Amino acid sequence: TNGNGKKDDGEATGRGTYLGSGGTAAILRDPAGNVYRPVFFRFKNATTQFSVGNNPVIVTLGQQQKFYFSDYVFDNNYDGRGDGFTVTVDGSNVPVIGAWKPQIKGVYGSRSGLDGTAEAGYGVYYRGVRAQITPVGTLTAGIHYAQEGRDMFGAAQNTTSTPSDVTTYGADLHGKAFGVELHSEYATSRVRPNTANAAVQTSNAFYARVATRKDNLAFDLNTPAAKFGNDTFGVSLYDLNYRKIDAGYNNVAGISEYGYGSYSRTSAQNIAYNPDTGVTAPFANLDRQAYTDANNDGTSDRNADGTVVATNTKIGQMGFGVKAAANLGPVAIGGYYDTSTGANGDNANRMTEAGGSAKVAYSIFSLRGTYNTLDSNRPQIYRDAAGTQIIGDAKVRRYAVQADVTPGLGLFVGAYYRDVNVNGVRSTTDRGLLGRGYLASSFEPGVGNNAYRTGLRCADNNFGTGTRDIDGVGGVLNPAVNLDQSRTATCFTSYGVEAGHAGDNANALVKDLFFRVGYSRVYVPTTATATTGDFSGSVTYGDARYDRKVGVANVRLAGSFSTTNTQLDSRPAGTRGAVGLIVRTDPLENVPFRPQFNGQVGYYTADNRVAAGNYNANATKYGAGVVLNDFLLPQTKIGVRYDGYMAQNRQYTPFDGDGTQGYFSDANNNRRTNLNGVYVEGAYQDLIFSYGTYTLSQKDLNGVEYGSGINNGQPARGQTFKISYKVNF
Amino acid sequence: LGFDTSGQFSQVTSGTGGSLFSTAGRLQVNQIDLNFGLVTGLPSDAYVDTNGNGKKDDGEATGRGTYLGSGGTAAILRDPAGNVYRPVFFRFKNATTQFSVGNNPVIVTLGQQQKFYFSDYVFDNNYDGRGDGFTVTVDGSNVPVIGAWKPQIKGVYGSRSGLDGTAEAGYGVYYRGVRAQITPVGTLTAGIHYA
Amino acid sequence: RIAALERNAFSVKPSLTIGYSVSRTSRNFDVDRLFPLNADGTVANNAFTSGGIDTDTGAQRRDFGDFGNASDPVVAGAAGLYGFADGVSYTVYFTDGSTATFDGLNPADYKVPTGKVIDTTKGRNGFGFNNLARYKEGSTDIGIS
Amino acid sequence: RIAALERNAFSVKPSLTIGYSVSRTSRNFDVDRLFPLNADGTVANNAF
Ligand SMILES: [Ca+2]
Ligand SMILES: [Ca+2]
Ligand SMILES: [Ca+2]
Ligand SMILES: [Ca+2]
Ligand SMILES: [Ca+2]
Ligand SMILES: [Ca+2]
Ligand SMILES: [Ca+2]
Ligand SMILES: [Ca+2]
Ligand SMILES: [Ca+2]
């Protein structure tokens, strides 16, 4: 009724207004068996634009116009703005300037068309125009002008926070010329607030990069922008940029849909590229965070889970960066640098990161070095040594040395040594502080691949810290999960060694066999907040996986192992192991009927040395099924299926409404579960009979059944019989 | 005015189905009795059945009283310049409720009010039926050793009256049975049954 | 002439459904967690799955009961057998003809909202147990569209 | 092609009625008992 296109509360349902149009209630009928149903006309139009004319001039009239001038100016190609028209003039065919490919765009529209008096788009209109040429190579230059304001009716009844008018103009230069890719953009804005006799606010943005850009409109930073020499003696530049974003620049000042804040405040803090909201701006409008004290008790407010509550103020951004590399035959080196601060240039928001690398690789051997640095004077949210979340300065220094060898076949061996020193003291973990930058880079093992790819290699040769699974036995019965490829991404302070095998390679000792084994020692300080310490931690892990086809049976088995005396990530101390097996067979043509079998079995044990008290968790899952593809009658087949699951000190957390799936996990609830049943299905011609009975019981120790929920000592139960028959006219 | 279609839509064919296995489709053709067509108005006998009992109880609204302009003399939905509007309805009536699948020997029937008859004093429900279920019939006329005795086995399962209220006699009531039969000499037919 | 006639023609496509179903359960719980997992990560199909897969909210077929005619979601904690079955709940009988639902296991842990008082006469001190059994009476359904 | 078109076709059958009638009575009584009885036992048809 209100025209918003959504079902609000109280609006009548479709079947409630037209009785007899569906459902079980209110069947409009007639004695002698007649049944009447109203006839409706259903339609749905997916077209809203109407382009008229042919080249050069094309004019489009639409209902939600999508357009895009530049990154920081007048970018509304995600959902659109409102009702209007768009004109495009292309001058590719013209005598004098036909080689430069001129192009002119024009935009007019009204925000959201009809709007209520309390909506932001009541009596608000926009307009713009952009010119463009492509003089040399791919290098494209252009200028544009944008405008949006209130009319005489909007200025008096809009009752919202939309500014009186916004005027924006700028220029850009994107393309690749003379073997060098260059991107730049300048933009100036003037916003007049809706309040009476208010001053005009001026805010401008500017940046200039030398880097590669994808058709996705996101910068690659892994392919060089400008090179020199060849693979033997080569020097390549990956990035070189300068930026200056004003504090008052946002979506309103740019006449866009979504603002230019940081996509995340923990990873790539300086980057505003948001795939979800379709923001293609390369640089962000930074935030300075601080403690919050609402009730004013003298203590900073914290959430229910212990996370701090922070207040965000908008500072600009102004800094420069660089990233290069150099190949010298076998030896390869790299490096990066990046600094940032507020738009005003104050040193109280400075964050500087720098580092380097090295590599030598002859024949099968390899050797790598690394160094990293963070000097964020800007307040950042991270956990302290004890484990309490804080806000403040952060300094990180990391260096790692990694050796490798590939003696042929699928074999590989690798040893490493890593060291992290946060805030002047040795630490077990860097607490995620090294991820705030966006230029950190490292090499990759091998010979001939000297690419300086972004991202620290903190997840190489590490163990796994997983705790959640969906099959119920730790992931050994899940064909879609590789247990040997699970590696934690946190940067530890450890040294170890790992040996493995990869059966997917063309040359491999055993085909379709994957396994690994390792041993690392983690650094643990004397106390929680002490300075001294030693590598007291110890981890020993091993994984396996083997897929094969023997005869008609496809056999797959997996395994895992772990044993630690320290807590890592969310995984507690103590040993842990799990094994599995899945068998599937094709129908046997040589025996009476045509039976094909199925089966699976899994076991999972875990001794948890948690502080609250040591407990043990168990799991056991099995299955079996026989399908007789040819029963006594010519077109009859039958099948049976038996399943079971025995758990102990395990639980299942259902799905979160935000989008996170459920999982199984250990819990010291002191309860033993036992869920099993049978499933019999048989078909005659195309008529299918389905039967199934199941039973779930959950009794704690000393034997007190809780299945029924009424405390009568009986388990839960279920049964279902179904006859199915599908017909087509 | 009324719209009537042809009678080509009087036969259906089976389709593939199953979970542990997939069956071959188009294995059986079933004859059905559908009489459907578009109508421009409602008769005065129509009503709105809210309780699902299939009868016009007291208080249930009439068909023409809910859809104004669909019939009668009162409440004519018109337009000046003489235009008169009447809603268009879809009328149908199915006289088929059973679906027999398979051929000899074994025939299985799935229906909505199953009619069956074991003997005079036992399990005789061939007048109006009992409820929702299935019936299987096995005929052993063609078989090497006992083909001359014409053996026959019947099977019956169902839920009495299907869905019922808590106060009706058929709420949560299920029946089952089986009967064997031979014809050794002449017309003399002997048999046993269970219910 | 035939081409013009086919342009202004309606393709009549009637539909028909048939099938029988009966289901009984003392308490509604999920059984999709017992079936084998395919290589792509989806559980094997079965005839007793009232599972609503929703990638937007993270819902899966293992998060809902399958034994009644209702898709009762499982409940975490001791109230719902630790995520394995539908959770216990109570109804609260307030004075002046109003009721509220308490979604826990122990009725001695309910907070009374300000401005309301429970009626001790109705139920057990104003708390009525919500039955957990689900029944689908045996019936065959013929649907014509 | 024509056979398929006729399968998915609707047979339009409009109807039309026409007639005049007037009737008066001091008291409503029956007159079907005055008409002859056929051999099958049914009275002869009449317009009233
Ligand atoms: Ca609405
Ligand atoms: Ca508007
Ligand atoms: Ca609108
Ligand atoms: Ca965009
Ligand atoms: Ca406080
Ligand atoms: Ca009724
Ligand atoms: Ca009934
Ligand atoms: Ca019944
Ligand atoms: Ca389910």
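In the block above lies the structure referred to throughout.
Engineer: Lay out the overall build of chain B with the relevant residues and their values.
Structural biologist: On a plain count of helices and strands, chain B comes out with 1 helix and 14 strands. For chain B, the C-alpha radius of gyration of 24 Å lies well beyond 16 Å, the compact-globule estimate for 195 residues. Expressed as lengths along the three principal axes of its C-alpha atoms, the size of chain B is roughly 85 × 40 × 40 Å. Put simply, chain B has 195 residues, and 33% of those count as buried. A fraction of 39% describes how many contacts in chain B between residues 6 or more apart in sequence connect residues 24 or more apart. Put simply, chain B shows about 11,200 Å² of open surface, and 54% of that area lies on carbon and sulfur atoms. For chain B, the centre of its 15 positive side-chain charges and the centre of its 15 negative side-chain charges are spaced 6 Å apart.

Engineer: Describe the overall build of chain A, naming the residues involved and giving the relevant values.
Structural biologist: For chain A, the count of helices and strands is 3 helices and 42 strands. Expressed as lengths along the three principal axes of its C-alpha atoms, the size of chain A is roughly 90 × 85 × 70 Å. When burial is assessed residue by residue, chain A has 45% of its 729 residues classed as buried. Long-range contacts, defined as pairs at least 24 residues apart, comprise 56% of the intrachain contacts of chain A with a sequence gap of at least 6. Carbon and sulfur atoms make up 56% of the accessible area of chain A, which totals about 34,800 Å². Of the side chains in chain A, 67 bear a positive and 62 a negative charge, and the two mean positions are spaced by 2 Å.

Engineer: I'd love a proper account of the arrangement of the chains, names of residues and values included.
Structural biologist: No other pair among the 5 pairs of chains in contact exceeds the contact count of chains A and C. There is a clear gap between chain A and chain D: no contact, and 13 Å between their nearest C-alpha atoms.

Engineer: I'd love a proper account of the coordination of the calcium ion (ligand 3), names of residues and values included.
Structural biologist: All names here are of chain A. Binding of the calcium ion (ligand 3) to the protein goes through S112 (O), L114 (O) and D115 (OD), at separations of 2.5 to 2.7 Å. Sequence positions of the residues that donate to the calcium ion (ligand 3) give the spacing S-x1-L-D. What makes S112 partly exposed here is its relative accessible area of 37%.

Engineer: Can you break down the environment of A:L139 residue by residue, with the values?
Structural biologist: All names here are of chain A. In this fold, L139 is placed in the loop between β9 (124-133) and β10 (140-150). For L139, a relative accessible area of 18% corresponds to the buried category. In sequence terms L139 and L173 are 34 residues apart; their C-alpha atoms lie 6.8 Å from each other. With residues up to four places along the chain from it excluded, the contact list for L139 reads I133, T134, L173, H174, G175, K176 and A177.

Engineer: A description of unusual backbone geometry should follow, citing residues and the corresponding values.
Structural biologist: A cis amide bond links A:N55 with the next residue in sequence, A:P56, at an omega value of 5 degrees. Structurally, the position occupied by A:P56 is in the loop between β3 (50-52) and β4 (57-62). Along the chain, B:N104 connects to B:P105 via a cis peptide bond; the corresponding omega equals 5 degrees. Within the fold, B:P105 resides in the loop between β7 (99-101) and β8 (106-111).

Engineer: Go over the coordination of the calcium ion (ligand 8) with me, naming the residues and quoting the values.
Structural biologist: Those donors, B:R160 (O), B:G162 (O), B:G170 (O) and C:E137 (OE), are the protein atoms that reach the calcium ion (ligand 8), and they lie 2.4 to 2.5 Å from it. Of this pair, B:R160 sits in strand β12 (residues 152-160) while B:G170 sits in the loop between β12 and β13 (174-182), and the two are 10 residues apart along the sequence. The class of B:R160 is partly exposed, set by a relative accessible area of 28%. For B:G170, a relative accessible area of 5% puts it in the buried group.

Engineer: Run through the sheet that holds strand β4 (residues 127-129) of chain C, naming residues and quoting values.
Structural biologist: All names here are of chain C. Taken in spatial order, the 3 strands make up an open sheet running β3-β2-β4, and their pairing is antiparallel. Of all strands in the sheet, those with a lone pairing partner are β3 (98-102) and β4, marking the two edges. Across the sheet, the mean angle separating the axes of adjacent strands is 30 degrees when strand polarity is ignored. Judged from the 5 bridges that link them, strand β2 (residues 90-94) and β3 form a sheet pairing that is antiparallel. Residue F94 lies in a different strand from β3, and its bridge partner there is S98.

Engineer: Could you give me a rundown of the interface of chain B and chain C, with the residues and numbers involved?
Structural biologist: One frequent convention defines the size of an interface as the accessible area lost when the parts assemble. Each partner contributes to the interface: chain B provides 22 residues, whereas chain C provides 19 residues. Both sides together, the interface formed by chain B and chain C hides about 1,700 Å², and carbon and sulfur atoms give 65% of it. Counting every contact that joins chain B to chain C gives 8 residue pairs in polar contact. Grouping the amino acids of the side of chain B that touches chain C by side-chain chemistry returns 10 nonpolar, 10 polar and 2 charged.

Engineer: Explain the layout of surface pockets residue by residue, including any values.
Structural biologist: In this structure, the largest pocket encloses a volume near 1,800 Å³. Forming the walls of the largest pocket are 41 residues, and the residues nearest its centre are A:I27, A:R29, B:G52, B:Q112 and C:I142. Among the elements of the structure, β1 (27-29) and β2 (35-38) of chain A together with β5 (134-140) and β6 (143-144) of chain C are those that each provide at least two residues to the lining of the largest pocket. Partitioning the lining of the largest pocket into residue classes produces 9 nonpolar, 20 polar and 12 charged.

Engineer: Mind laying out the interface of chain A and chain C, listing which residues take part and the relevant values?
Structural biologist: Listed as interface residues are 55 residues of chain A and, on the opposing side, 50 residues of chain C. Of the roughly 4,400 Å² buried between chain A and chain C on both sides combined, carbon and sulfur atoms contribute 63%. Summed over the shared surface of chain A and chain C, the result is 0 salt bridges. One can count 15 residue pairs in polar contact joining chain A with chain C. Elements that contribute at least two residues to the side of chain A that touches chain C include exactly β35 (636-648), β36 (650-653), β38 (671-684), β39 (687-700) and β41 (716-725) of chain A. If one sorts the elements of the side of chain A that touches chain C by residue count, β41(A) sits on top with 9 residues. Of the residues belonging to the side of chain A that touches chain C, the class tally is 21 nonpolar, 22 polar and 12 charged. Of the pairings in the sheet, the one linking β41(A) to strand β1 (residues 16-25) of chain C comprises 8 bridges and is antiparallel in character. The partner of A:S724 across the bridge, within β1(C), is C:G19.

Engineer: Which residues make up the packing of aromatic side chains, and what values do they have?
Structural biologist: Inspection of every chain in the model, using the stated rule, returns 52 aromatic pairs over all chains. Considering the side-chain rings of C:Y90 and C:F129, the 5.2 Å spacing of their centres and the 80 degrees angle between planes classify their relative orientation as edge-to-face. Note that C:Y90 is positioned in strand β2 and C:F129 in strand β4, a separation of 39 residues in sequence. Among the residues examined, C:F129 registers a relative accessible area of 34% and is labelled partly exposed. Seen from the ring of A:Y523, A:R426 lies directly overhead, with NZ or CZ sitting 5.4 Å from the centre.

Engineer: So what about the side chain of C:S89? Which residues, and what values?
Structural biologist: Residue and element names in this part refer to chain C. Position of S89 among the secondary structure elements: in the loop between β1 and β2. The class for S89 is buried, based on a relative accessible area of 12%. Of the polar contacts made by the side chain of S89, one reaches the side chain of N130; its length is 3.3 Å.

Engineer: Explain the state of the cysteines residue by residue, including any values.
Structural biologist: Residue and element names in this part refer to chain A. Tallied over the full model, the rule gives 1 disulfide over all chains. For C458, the disulfide goes to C491, at an S-S distance of 2.0 Å. Across the disulfide from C458 to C491, rotation about the S-S bond amounts to roughly 105 degrees, and the bridge is consequently right-handed. On the criterion of sequence distance, the pair formed by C458 in the loop between β25 (453-454) and β26 (494-502) and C491 in the loop between β25 and β26 is long-range, its members being 33 residues apart. Of the two residues examined, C458 and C491, each falls in the buried class.

Definitions and cut-offs
Residues numbered from 1 in each chain as written, not as in the entry; some residues may be left out. Chains lettered and ligands numbered in written order. Part of a larger assembly, values for the part shown. Heavy atoms only, no water. Helix = DSSP H or I, 4+ residues; strand = E, 2+ residues; numbered from the N terminus. Rg over C-alpha atoms; globule rule 2.2 N^0.38 Å. Buried < 20%, exposed > 50% of the residue type's maximum accessible area, 1.4 Å probe, protein only. Contact = heavy atoms within 4.5 Å. Areas by Shrake-Rupley, 256 points an atom, 1.4 Å probe, with all protein chains shown as cover. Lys, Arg positive; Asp, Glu negative; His and termini not counted. Charge placed at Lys NZ, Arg CZ, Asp CG, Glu CD. Donors = N, O, S within 2.8 Å, 3.2 Å for Na, K, Ca; no water. Pairing = 2+ DSSP bridges. Axes fitted to C-alpha atoms, helices over the stretch in contact; angles between N-to-C directions. Buried area = accessible area lost by both parts, 1.4 Å probe. Polar contact = N/O pair within 3.5 Å; in protein donor to acceptor, adjacent residues only side chain to side chain. Nonpolar A, V, L, I, M, F, W, Y, C, P; charged D, E, K, R; others polar. 1 Å grid on protein atoms, 1.4 Å probe; cavity = no way out; pocket = protein on both sides within 12 Å on 5 of 7 lines; lining within 4 Å. Points joined across faces, edges and corners; volume = space filled by probe spheres on them. Salt bridge = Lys/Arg side-chain N within 4 Å of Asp/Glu carboxyl O. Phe/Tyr/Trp six-rings, centres within 6.5 Å; stacked < 30°, edge-to-face > 60°. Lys NZ or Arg CZ within 6 Å of the ring centre and 35° of its normal. Disulfide = S-S within 2.5 Å.

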